[PDB]
There are 2 protein chains.
Amino acid sequence: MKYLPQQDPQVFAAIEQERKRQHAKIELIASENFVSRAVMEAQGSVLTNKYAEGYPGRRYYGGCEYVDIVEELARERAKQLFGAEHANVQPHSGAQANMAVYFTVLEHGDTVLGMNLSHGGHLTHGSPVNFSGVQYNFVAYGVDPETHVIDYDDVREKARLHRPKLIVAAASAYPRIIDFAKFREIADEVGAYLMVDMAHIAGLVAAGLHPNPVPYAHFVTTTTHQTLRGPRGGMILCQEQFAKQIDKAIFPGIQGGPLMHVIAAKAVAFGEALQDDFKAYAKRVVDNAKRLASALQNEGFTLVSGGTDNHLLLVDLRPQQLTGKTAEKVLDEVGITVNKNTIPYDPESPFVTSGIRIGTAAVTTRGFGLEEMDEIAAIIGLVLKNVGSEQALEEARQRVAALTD
Amino acid sequence: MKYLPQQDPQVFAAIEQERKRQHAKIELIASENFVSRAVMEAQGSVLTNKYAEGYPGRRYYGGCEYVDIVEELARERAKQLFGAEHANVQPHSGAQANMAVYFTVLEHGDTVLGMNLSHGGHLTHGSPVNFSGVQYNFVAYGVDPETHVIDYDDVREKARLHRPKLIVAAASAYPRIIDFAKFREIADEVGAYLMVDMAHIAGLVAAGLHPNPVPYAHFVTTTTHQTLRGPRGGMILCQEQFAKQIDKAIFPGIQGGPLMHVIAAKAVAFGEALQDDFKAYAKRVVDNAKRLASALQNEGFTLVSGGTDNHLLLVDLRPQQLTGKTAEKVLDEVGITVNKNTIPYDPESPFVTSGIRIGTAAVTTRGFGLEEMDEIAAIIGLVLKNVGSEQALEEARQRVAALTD
Ligand SMILES: Cc1ncc(COP(=O)(O)O)c(CNCC(=O)O)c1O
Ligand SMILES: Cc1ncc(COP(=O)(O)O)c(CNCC(=O)O)c1O
């Protein structure tokens, strides 16, 4: 940086701490990642500077000839990546992407069927303190109490009983592959649309390591920032038939001027995902998650669903008599960042929980491999099995520091 | 830039064209501006990298110690700038700032009273193709047919008749000072909340050149990117009493994770606005707008309301027998960027219009003064009065190029 340090020492000092923190810690929050310098450079550009309500070639302001190229690069790279008939790269976030789809297909009060929020469903999938749950009537399907795998008979019984106008599939904390074909078969049975929110697994879908929802769903939403490793923002993919309605849901519907600088960063991240080394990266993410899962079970931990098929894992801490809140706090003391997270059928509230959610996308981006996963799991075992020992905590700290340099 | 040019030549070529375009044209769109390099550097930072749902010291993820400092710098600088009891710097845009206030105070179907959309009201103030107009029952107040000044007797009669739960004041195309004291007096008469959307005039308010709505309104919303000259995004200001409800409206209400890099750029722009040279800049904006207005009337143009009290002006092109659409197209041919815009009581539709909206915030940022305003007005007179002359158009092009270098 050149002008920030001189103009605003306070903000520059805080940003520099954040940068150093990102390097010094072991980032295991399942939704995080580190973007490339090219992505950052696109979002730190003068494209911030342009008003561009509307779409490429159909704007409400003049002078959009060059931002139109950037937006079209994003939309066409997206379509090449996911094979969708249409993309909308304007959503300001994963939440706005979902909000726009809901605004397109639902009337206030309509019934929506989504994944139980304490079994893996996201906040934007029906939480009563979220617009989704306030504006519409959400009903949920759950996972089997023993396998922790989505119970497709339960999805079907709930659909047939509640007759939702829309079915939402996908999650923020589900460690197994989702069967989009079964979701579409149920939606068709009851005449409902199907929306797949692939925010956590988009990068895996792009690399062919997770079945692609595009051929089965009427709408696919996502964050551009988690496994896809793009800038923070959203995207909607959909069939050509809903293209105009989705575009209008975004603008003049729920947003105003798009963030063109961020849309340029989206295109840059989409370009990176189209390359072969991103496919090799994604494979390492999934390979790393399996390794980590296996290594954690070697330490004595129980994992929700018994392991993982993607980038994430959920540790059921009941066997160690720990709440997710306690485990997150003590891991934070040694430099390991995780989230507390409810487990299916959790006896504890969402603010306490009986589990921790972990993912490997961030550490894989920094170069960690199978040997690092073995060490991280050994570190977590030492800490969580010896919570009252300051000597264990200090050793863990030194082992974390050896990993991060 | 260093990594973008090598990683993505396509996106870098388009961004570089956009940068050159920004320098070569005369930017008169009233909502645009150019941010500083320090603001851009903050948004091109690694803060993109952090999940930070929740608020400073009350986050749903660990490791937010340093982004909490950045967010608090933004909120405290905002409060120093505007004198508000609370600020929320998370809105992803002006639209989300308004959406969150509406989510806080209104139930679906509630009545809202806002400025007539063809008299200066914004799209997010009741358009029937916008969420505001789809979710709530908007009714409008207008400007006097001759002075084009808000008719406060009409605001009051509409309030008393329709009994709105909320009254919205402010606009996207109103060239005169708004009397927030009268709006608050009417809201109190009918027991309605008062929301002021100051997006276009925030920078003028900050510099003391426009009366501050903060002391009169329950809620104040704004874009951080127009006269305030910050990154693209929104902000809500409000009394302490609604603080918790507004925070919850934003998260877990209508958004998810905030853009922390953008919040850092907000703080940087707020720091710049707190300095004396920003006050001198704002004064030049208003001085420039008056000069430009006077110079355009010297050319024979009629201006809506007869001039301007802020950064913007509206030309009624009826006397020249031109639609805003035609004038915008021919100004675009010579390098001058404006927007077509309906005028109060316009006989033409919103897609054609009888006017052009112009503002001076962008050209003032690049250093233009009173002499430049005189030349721009002489250029617009030459073009709009000689629309079929290619010689006039070519001369205009050479005069624009002499201004932009
Ligand atoms: C499945 C899923 N969908 C939407 C969001 C919201 O995205 P945002 O950009 O934050 O508005 C998320 C968020 N996930 C964050 C996390 O799991 O840590 C999501 O997972
Ligand atoms: C008064 C007013 N309020 C909200 C917006 C929406 O902001 P955004 O960041 O685009 O969602 C605007 C937009 N103005 C743009 C223009 O007038 O050119 C506004 O004016």
Side-chain angles (χ1 to χ4, degrees), chain A residues 29-32 50-53 60-61 91-99 114-115 120-125 130 132 168-174 195-202 221-227 230-235 251-252 254-259 312 339 341 357 359, chain B residues 29-32 50-53 60-61 91-99 114-115 120-125 130 132 168-174 195-202 221-227 230-235 251-252 254-259 312 339 341 357 359:
Chain A
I29 289 176
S31 48
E32 294 210 331
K50 192 80 185 75
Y51 245 111
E53 299 169 322
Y60 296 97
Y61 301 80
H92 291 325
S93 66
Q96 267 57 247
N98 292 357
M99 180 182 277
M115 190 168 195
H122 192 247
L123 181 84
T124 60
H125 312 337
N130 183 251
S132 65
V168 173
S172 270
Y174 183 64
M195 168 175 137
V196 170
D197 181 347
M198 64 171 187
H200 257 88
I201 61 179
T221 63
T222 185
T223 51
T224 47
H225 51 277
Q226 292 191 47
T227 44
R232 186 173 298 279
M235 176 164 68
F251 183 86
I254 68 150
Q255 301 183 351
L259 310 179
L312 102 57
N339 290 111
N341 196 111
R357 180 187 70 170
Chain B
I29 289 176
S31 48
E32 294 210 331
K50 192 80 185 75
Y51 245 111
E53 299 169 322
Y60 296 97
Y61 301 80
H92 291 325
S93 66
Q96 267 57 247
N98 292 357
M99 180 182 277
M115 190 168 195
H122 192 247
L123 181 84
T124 60
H125 312 337
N130 183 251
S132 65
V168 173
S172 270
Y174 183 64
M195 168 175 137
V196 170
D197 181 347
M198 64 171 187
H200 257 88
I201 61 179
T221 63
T222 185
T223 51
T224 47
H225 51 277
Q226 292 191 47
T227 44
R232 186 173 298 279
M235 176 164 68
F251 183 86
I254 68 150
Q255 301 183 351
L259 310 179
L312 102 57
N339 290 111
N341 196 111
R357 180 187 70 170

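Note that ligands are numbered from 1 as they come in the structure, with each ligand's atoms numbered from 1 the same way. Below, read A as the first sequence line, B as the second, and so on, with proteins coming before strands; counting in each chain starts at 1.
Every residue meeting the ring pair (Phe, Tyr, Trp, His ring centres under 6.0 Å) condition with B:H200, not counting sequence neighbours, appears here in chain and number order: B:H311. Take B:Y51 and apply the ring pair (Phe, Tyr, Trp, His ring centres under 6.0 Å) test, not counting sequence neighbours, and it matches A:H225, B:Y61.
A donor-acceptor pair is defined here as one N or O able to donate and one able to accept, closer than 3.5 Å; such a pair exists between the side chain of A:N130 and the backbone of A:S132. Side chain of A:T223 to backbone of A:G94: no donor-acceptor contact under 3.5 angstrom is found. In this structure, the side chain of B:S31 does not engage the main chain of B:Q226 through any donor-acceptor pair within 3.5 Å. Not a single donor-acceptor pair under 3.5 Å links the side chain of A:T222 to the backbone N or O of A:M235.
For the pair A:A171 and ligand 1, the shortest N or O to N or O distance does not fall below 3.5 Å. In terms of N/O distances under 3.5 Å, ligand 2 is approached by B:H200. Ligand 1 has a nitrogen or oxygen under 3.5 angstrom from a nitrogen or oxygen of B:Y61. Considering both main-chain and side-chain atoms, A:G94 comes within under 3.5 Å of ligand 1 through a nitrogen or oxygen pair. In terms of N/O distances under 3.5 Å, ligand 2 is approached by A:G257.
Counting only heavy atoms of the protein, atom 3 (N) of ligand 2 lies nearest to B:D197 OD2, 2.7 Å. The protein heavy-atom contact nearest to atom 18 (O) of ligand 2 is B:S31 OG, 2.4 Å. The nearest protein atom to atom 5 (C) of ligand 2, hydrogens excluded, is given as B:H122 CE1, 3.3 Å; this is a heavy-atom distance. Looking only at protein heavy atoms, the nearest one to atom 20 (O) of ligand 2 is B:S172 OG, 2.5 Å. Residue, atom and distance of the protein heavy atom nearest to atom 11 (O) of ligand 1 are A:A95 N, 2.9 Å.
When the options B:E53, B:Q96, B:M99 are evaluated for a side-chain contact (heavy atoms from CB on, under 4.5 Å) with B:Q255, the one that passes is B:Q96.
Near A:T223, the atoms of ligand 1 lying under 4.0 angstrom from a non-hydrogen atom of the residue are 7 (O), 9 (O). Against a heavy-atom cut-off of under 4.0 Å, A:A199 is close to the following atoms of ligand 1: 1 (C), 2 (C), 3 (N), 19 (C). Near A:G256, meaning under 4.0 Å from one of its heavy atoms, ligand 2 places the atoms 10 (O), 11 (O). Using a 4.0 Å cut-off to heavy atoms of B:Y51, the atoms of ligand 1 that qualify are 7 (O), 8 (P), 9 (O), 10 (O), 13 (C), 14 (N), 15 (C).
With distances taken over non-hydrogen atoms, the option nearest atom 9 (O) of ligand 1 out of A:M198, A:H125, A:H225 is A:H225.
At least one heavy atom of A:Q226 sits under 4.0 Å from some atom of ligand 1.
Using a 4.5 Å cut-off on side-chain heavy atoms (C-beta onward), A:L123 and B:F251 make contact.
Contact annotation: for A:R357 versus ligand 1, heavy atoms closer than 4.0 Å belong to the side chain alone.
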Checking B:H92 against A:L259 for the side chain to side chain contact (heavy atoms under 4.5 Å, CB included) test, could you report, in this order, the C-alpha distance in whole Å, the side-chain angles of both residues, the deciding distance, and whether it holds?
CA-CA 9 Å; B:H92 291 325; A:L259 310 179; 5.7 Å; no
Steps toward side chain to side chain contact (heavy atoms under 4.5 Å, CB included) verdict (A:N98, A:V168):
CA-CA 10 Å; A:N98 292 357; A:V168 173; over 6 Å; no
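Here the closest non-hydrogen pair linking A:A95 and B:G256 is CB-N, 3.9 Å.
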